[PDB]
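One structure is given here, and the rest of the page talks about it.
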Amino acid sequence: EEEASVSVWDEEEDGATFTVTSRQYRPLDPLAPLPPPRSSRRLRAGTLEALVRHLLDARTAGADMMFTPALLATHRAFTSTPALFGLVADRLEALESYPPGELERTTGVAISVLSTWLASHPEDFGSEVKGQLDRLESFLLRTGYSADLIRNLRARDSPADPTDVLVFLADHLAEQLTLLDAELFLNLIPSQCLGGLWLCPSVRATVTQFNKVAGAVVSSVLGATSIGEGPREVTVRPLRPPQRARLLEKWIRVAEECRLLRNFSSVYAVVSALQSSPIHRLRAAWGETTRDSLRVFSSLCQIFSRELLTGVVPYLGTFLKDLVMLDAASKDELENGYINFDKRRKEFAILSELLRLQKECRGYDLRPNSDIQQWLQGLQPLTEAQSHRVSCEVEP
């Protein structure tokens, strides 16, 4: 595992730039002849056509292992699914005159790539790729070549009292918030998180629920129910500072139980709601909060979290921000018109983190509590304008 030499150089092809790396390691037996050097030839930038040539090259899987999954995961940021499918069908068609050995090899790579693509991202394929599908299966029958791949590609009543948070146990509430957060995080299409895209419903649905939880906290602490849409249309229940503190203490504990379940999405939803202007203002209510609940809350505030992500539900906003930073920092294309694939590798790196958090999220074993769920559904959260108004009314 101890290396002796590393050589790095760049090579140019038709419409692409590659980086070759050659690493010479010392043999395990120090007296043995030198082992063969370990190498990689990775595409750095190239035309959309050149990306597809590299995609369907049999050597790419061994010499550039990030390329295939990165391209398949990020392609919707710079091209489209029917466009990429079409260029794959293009490449295969321009290869029909080739000798049977080369034809069968590349067709095999194409079948392998399309199977991985379909397995990884089934939502990419629909009615829009109909012509490209016919383009593919006519090519296969024409060359006499995959059967399962074609088949698989063919197939594709009054508003709830917000203060009733007190009626349920805090660990149960956390478990129930996590159940909703987890299934949304599992249904998340990671590519929709990309700076170039974020038409992104799976991200929107995660953010909506995040906002509903944060809204529920603000609403219940203020003891208010949003009955209309305007800044003035609200109903408010009577709460003395000691009574309101019990609601603050309750949500603090719910946030704490979310943390123990590693649901950092709802931890942040609750903590940001409690740090929010219309809730921070409530100094009489906070003044009645027990010191133990305050120390827990401060500890929860200092988390916002990246180091703790090593069941689980992450706060998606941090990944959305990193992907916005990266999109702003890195160019889509180079001056020559080549797609800057380095950008896409850095994007995939973040996406693979999300993928590994998704498989860990599958580890949850939680049961739907019908009555907590019904309460959550009946919640009518206050708008930013309404909450500011009510807080000015309940604590002048």
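Convention: chains lettered A, B, ... in structure tokens order; per-chain residue numbering from 1; ligands numbered from 1 as shown.
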
Per residue of stretch 25-127 of chain A within 12 Å of stretch 200-217 of chain A, record the nearest atom pair and its distance in Å to one decimal, counting only C-alpha atoms, with rows in chain order and ascending residue number, as a tab-separated table.
residue	atom	partner	partner_atom	distance
A:76	CA	A:200	CA	11.5
A:77	CA	A:200	CA	12.0
A:123	CA	A:202	CA	11.4

Residues as selected, N, CA, C and O atoms, written as a PDB file, in the first residue's frame, can you do that?
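part_2.pdb, written as the output of this step:
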ATOM      1  N   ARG A  76     -29.632  15.834 -16.179  1.00  0.00           N
ATOM      2  CA  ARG A  76     -30.781  16.727 -16.331  1.00  0.00           C
ATOM      3  C   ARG A  76     -30.451  18.186 -16.016  1.00  0.00           C
ATOM      4  O   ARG A  76     -31.266  19.074 -16.262  1.00  0.00           O
ATOM      5  N   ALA A  77     -29.254  18.424 -15.481  1.00  0.00           N
ATOM      6  CA  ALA A  77     -28.795  19.779 -15.188  1.00  0.00           C
ATOM      7  C   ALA A  77     -28.261  20.501 -16.427  1.00  0.00           C
ATOM      8  O   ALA A  77     -28.285  21.734 -16.483  1.00  0.00           O
ATOM      9  N   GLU A 123     -37.686   7.217 -12.630  1.00  0.00           N
ATOM     10  CA  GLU A 123     -38.548   8.377 -12.877  1.00  0.00           C
ATOM     11  C   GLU A 123     -38.129   9.195 -14.103  1.00  0.00           C
ATOM     12  O   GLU A 123     -38.914  10.002 -14.613  1.00  0.00           O
TER      13      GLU A 123
END

For stretch 311-324 of chain A: contacts at 9 Å, only C-alpha atoms, fewer than 3 positions along chain excluded, given as a PyMOL selection string:
chain A and resi 178+181-182+185+193-196+198+203+206-207+210+261-269+305-306+327-329+347+350-351+354+357-365

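Considering the residues A:115, A:103, A:52, A:120 and counting only C-alpha atoms, residue A:91 has its shortest atom-to-atom contact with A:52.
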
Give me, as a ChimeraX atom specification, the residues of stretch 1-79 of chain A that a backbone DSSP run labels strand (DSSP E or B).
/A:3-13,16-25,38-46

Store the residues of this selection in a file with C-alpha atoms, as a PDB file, in the first residue's frame.
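As written to disk, result15.pdb reads:
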ATOM      1  CA  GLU A   3       3.649   4.068  -3.074  1.00  0.00           C
ATOM      2  CA  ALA A   4       6.959   4.785  -4.825  1.00  0.00           C
ATOM      3  CA  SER A   5       5.916   6.986  -7.777  1.00  0.00           C
ATOM      4  CA  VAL A   6       2.903   8.914  -9.145  1.00  0.00           C
ATOM      5  CA  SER A   7       2.734  10.348 -12.683  1.00  0.00           C
ATOM      6  CA  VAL A   8      -0.040  12.684 -13.876  1.00  0.00           C
ATOM      7  CA  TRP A   9      -0.567  14.047 -17.408  1.00  0.00           C
ATOM      8  CA  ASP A  10      -3.340  15.287 -19.717  1.00  0.00           C
ATOM      9  CA  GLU A  11      -4.445  13.812 -23.051  1.00  0.00           C
ATOM     10  CA  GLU A  12      -6.681  15.275 -25.770  1.00  0.00           C
ATOM     11  CA  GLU A  13      -9.244  13.405 -27.883  1.00  0.00           C
ATOM     12  CA  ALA A  16     -12.765  15.655 -24.909  1.00  0.00           C
ATOM     13  CA  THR A  17      -9.939  16.172 -22.399  1.00  0.00           C
ATOM     14  CA  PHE A  18      -8.711  13.315 -20.195  1.00  0.00           C
ATOM     15  CA  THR A  19      -6.372  13.085 -17.210  1.00  0.00           C
ATOM     16  CA  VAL A  20      -4.228   9.962 -16.930  1.00  0.00           C
ATOM     17  CA  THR A  21      -2.837   9.054 -13.513  1.00  0.00           C
ATOM     18  CA  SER A  22      -0.300   6.265 -13.000  1.00  0.00           C
ATOM     19  CA  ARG A  23       0.568   5.203  -9.453  1.00  0.00           C
ATOM     20  CA  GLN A  24       3.419   2.760  -8.825  1.00  0.00           C
ATOM     21  CA  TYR A  25       3.164   0.963  -5.486  1.00  0.00           C
ATOM     22  CA  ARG A  38      -2.501   1.277 -10.909  1.00  0.00           C
ATOM     23  CA  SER A  39      -3.963   3.738 -13.408  1.00  0.00           C
ATOM     24  CA  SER A  40      -7.027   5.860 -14.125  1.00  0.00           C
ATOM     25  CA  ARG A  41      -8.011   7.771 -17.258  1.00  0.00           C
ATOM     26  CA  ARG A  42     -10.804  10.164 -16.289  1.00  0.00           C
ATOM     27  CA  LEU A  43     -12.776  12.516 -18.541  1.00  0.00           C
ATOM     28  CA  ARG A  44     -12.409  16.128 -17.378  1.00  0.00           C
ATOM     29  CA  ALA A  45     -14.355  18.004 -20.063  1.00  0.00           C
ATOM     30  CA  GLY A  46     -15.932  17.277 -23.435  1.00  0.00           C
TER      31      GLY A  46
END

Could you find all residues in stretch 210-360 of chain A that DSSP calls alpha helix (DSSP H) from the backbone, and write them as a PyMOL selection string?
chain A and resi 210-221+241-260+264-275+277-280+283-287+291-301+317-329+341-360

Any idea what's packed within 8 Å of stretch 272-289 of chain A, counting only C-alpha atoms, ignoring anything in its chain fewer than 2 positions away? Could you give it as a list in words?
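Everything that qualifies: residues 214, 215, 217, 218, 221, 222, 240, 241, 242, 243, 244, 245, 246, 248, 249, 268, 269, 270, 291, 293, 294, 387, 388, 391, 392 and 395 of chain A.
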
Output for the residues just chosen: N, CA, C and O atoms as an mmCIF file, in the first residue's frame:
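Everything below was put into again35.cif:
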data_model
loop_
_atom_site.group_PDB
_atom_site.id
_atom_site.type_symbol
_atom_site.label_atom_id
_atom_site.label_comp_id
_atom_site.auth_asym_id
_atom_site.auth_seq_id
_atom_site.Cartn_x
_atom_site.Cartn_y
_atom_site.Cartn_z
ATOM 1 N N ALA A 214 -42.538 23.627 11.452
ATOM 2 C CA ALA A 214 -42.133 24.933 11.976
ATOM 3 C C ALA A 214 -43.339 25.838 12.208
ATOM 4 O O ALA A 214 -43.388 26.578 13.193
ATOM 5 N N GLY A 215 -44.304 25.767 11.293
ATOM 6 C CA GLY A 215 -45.555 26.510 11.408
ATOM 7 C C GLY A 215 -46.385 26.058 12.595
ATOM 8 O O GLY A 215 -46.953 26.883 13.311
ATOM 9 N N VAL A 217 -45.314 24.758 15.387
ATOM 10 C CA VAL A 217 -44.660 25.227 16.613
ATOM 11 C C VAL A 217 -45.022 26.684 16.900
ATOM 12 O O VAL A 217 -45.462 27.011 18.003
ATOM 13 N N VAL A 218 -44.839 27.545 15.900
ATOM 14 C CA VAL A 218 -45.186 28.964 16.001
ATOM 15 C C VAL A 218 -46.663 29.130 16.379
ATOM 16 O O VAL A 218 -46.996 29.866 17.310
ATOM 17 N N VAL A 221 -47.556 27.700 20.133
ATOM 18 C CA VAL A 221 -46.965 28.577 21.144
ATOM 19 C C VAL A 221 -47.762 29.882 21.251
ATOM 20 O O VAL A 221 -48.000 30.383 22.351
ATOM 21 N N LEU A 222 -48.192 30.410 20.107
ATOM 22 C CA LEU A 222 -49.025 31.610 20.080
ATOM 23 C C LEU A 222 -50.496 31.300 20.369
ATOM 24 O O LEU A 222 -51.302 32.215 20.544
ATOM 25 N N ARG A 240 -51.750 32.567 29.591
ATOM 26 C CA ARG A 240 -50.877 33.260 30.532
ATOM 27 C C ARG A 240 -49.436 32.798 30.305
ATOM 28 O O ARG A 240 -49.222 31.689 29.813
ATOM 29 N N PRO A 241 -48.444 33.647 30.652
ATOM 30 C CA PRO A 241 -47.031 33.281 30.475
ATOM 31 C C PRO A 241 -46.619 31.895 31.020
ATOM 32 O O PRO A 241 -45.858 31.196 30.350
ATOM 33 N N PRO A 242 -47.110 31.495 32.219
ATOM 34 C CA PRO A 242 -46.811 30.133 32.677
ATOM 35 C C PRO A 242 -47.407 29.037 31.790
ATOM 36 O O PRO A 242 -46.769 28.002 31.587
ATOM 37 N N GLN A 243 -48.612 29.269 31.271
ATOM 38 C CA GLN A 243 -49.287 28.310 30.390
ATOM 39 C C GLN A 243 -48.562 28.181 29.051
ATOM 40 O O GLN A 243 -48.422 27.080 28.517
ATOM 41 N N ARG A 244 -48.110 29.319 28.524
ATOM 42 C CA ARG A 244 -47.399 29.375 27.251
ATOM 43 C C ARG A 244 -46.018 28.733 27.359
ATOM 44 O O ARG A 244 -45.529 28.141 26.396
ATOM 45 N N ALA A 245 -45.399 28.860 28.532
ATOM 46 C CA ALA A 245 -44.098 28.249 28.804
ATOM 47 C C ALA A 245 -44.165 26.726 28.718
ATOM 48 O O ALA A 245 -43.208 26.085 28.284
ATOM 49 N N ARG A 246 -45.298 26.159 29.128
ATOM 50 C CA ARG A 246 -45.518 24.714 29.061
ATOM 51 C C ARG A 246 -45.526 24.213 27.617
ATOM 52 O O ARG A 246 -45.068 23.105 27.335
ATOM 53 N N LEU A 248 -43.852 25.887 25.159
ATOM 54 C CA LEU A 248 -42.441 26.036 24.789
ATOM 55 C C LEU A 248 -41.628 24.828 25.252
ATOM 56 O O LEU A 248 -40.877 24.244 24.471
ATOM 57 N N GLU A 249 -41.801 24.461 26.523
ATOM 58 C CA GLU A 249 -41.149 23.292 27.119
ATOM 59 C C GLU A 249 -41.497 22.006 26.370
ATOM 60 O O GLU A 249 -40.637 21.147 26.168
ATOM 61 N N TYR A 268 -34.388 20.958 13.396
ATOM 62 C CA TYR A 268 -34.196 22.299 12.859
ATOM 63 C C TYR A 268 -35.512 23.036 12.651
ATOM 64 O O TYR A 268 -35.577 24.245 12.853
ATOM 65 N N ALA A 269 -36.552 22.306 12.248
ATOM 66 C CA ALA A 269 -37.877 22.888 12.062
ATOM 67 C C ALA A 269 -38.383 23.513 13.358
ATOM 68 O O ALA A 269 -38.859 24.647 13.360
ATOM 69 N N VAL A 270 -38.249 22.774 14.456
ATOM 70 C CA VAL A 270 -38.719 23.226 15.762
ATOM 71 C C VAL A 270 -37.818 24.322 16.333
ATOM 72 O O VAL A 270 -38.312 25.345 16.804
ATOM 73 N N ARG A 291 -35.303 26.109 33.858
ATOM 74 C CA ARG A 291 -33.890 26.226 33.494
ATOM 75 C C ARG A 291 -33.364 24.998 32.742
ATOM 76 O O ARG A 291 -32.502 25.122 31.868
ATOM 77 N N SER A 293 -35.096 23.068 30.641
ATOM 78 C CA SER A 293 -35.577 23.176 29.264
ATOM 79 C C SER A 293 -34.797 24.220 28.461
ATOM 80 O O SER A 293 -34.616 24.067 27.251
ATOM 81 N N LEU A 294 -34.338 25.269 29.141
ATOM 82 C CA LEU A 294 -33.522 26.314 28.524
ATOM 83 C C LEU A 294 -32.143 25.800 28.111
ATOM 84 O O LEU A 294 -31.663 26.110 27.019
ATOM 85 N N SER A 387 -48.363 35.676 12.502
ATOM 86 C CA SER A 387 -47.631 35.328 13.717
ATOM 87 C C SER A 387 -46.995 36.548 14.384
ATOM 88 O O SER A 387 -46.971 36.646 15.615
ATOM 89 N N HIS A 388 -46.486 37.471 13.568
ATOM 90 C CA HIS A 388 -45.936 38.732 14.061
ATOM 91 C C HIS A 388 -47.012 39.573 14.751
ATOM 92 O O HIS A 388 -46.755 40.201 15.781
ATOM 93 N N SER A 391 -48.158 37.785 18.207
ATOM 94 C CA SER A 391 -47.115 37.962 19.222
ATOM 95 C C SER A 391 -47.091 39.381 19.792
ATOM 96 O O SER A 391 -46.777 39.573 20.969
ATOM 97 N N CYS A 392 -47.416 40.363 18.953
ATOM 98 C CA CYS A 392 -47.541 41.755 19.391
ATOM 99 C C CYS A 392 -48.804 41.965 20.230
ATOM 100 O O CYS A 392 -48.875 42.904 21.025
ATOM 101 N N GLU A 395 -48.076 39.444 23.782
ATOM 102 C CA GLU A 395 -47.054 40.118 24.586
ATOM 103 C C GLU A 395 -46.685 41.459 23.940
ATOM 104 O O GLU A 395 -45.816 41.510 23.066
#

Please measure the separation of atom CA of residue A:147 and atom CA of residue A:99, giving the value in Å to one decimal.
22.4 Å

With only C-alpha atoms as the basis for distance, which of A:390, A:84, A:72, A:355 is at the shortest distance from residue A:234?
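That would be A:390, the residue with the smallest distance to residue A:234.
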
Nearest to residue A:383 among A:301, A:114, A:325, A:227, with distances taken over only C-alpha atoms: which residue is it?
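The answer is A:227, which sits nearest to residue A:383.
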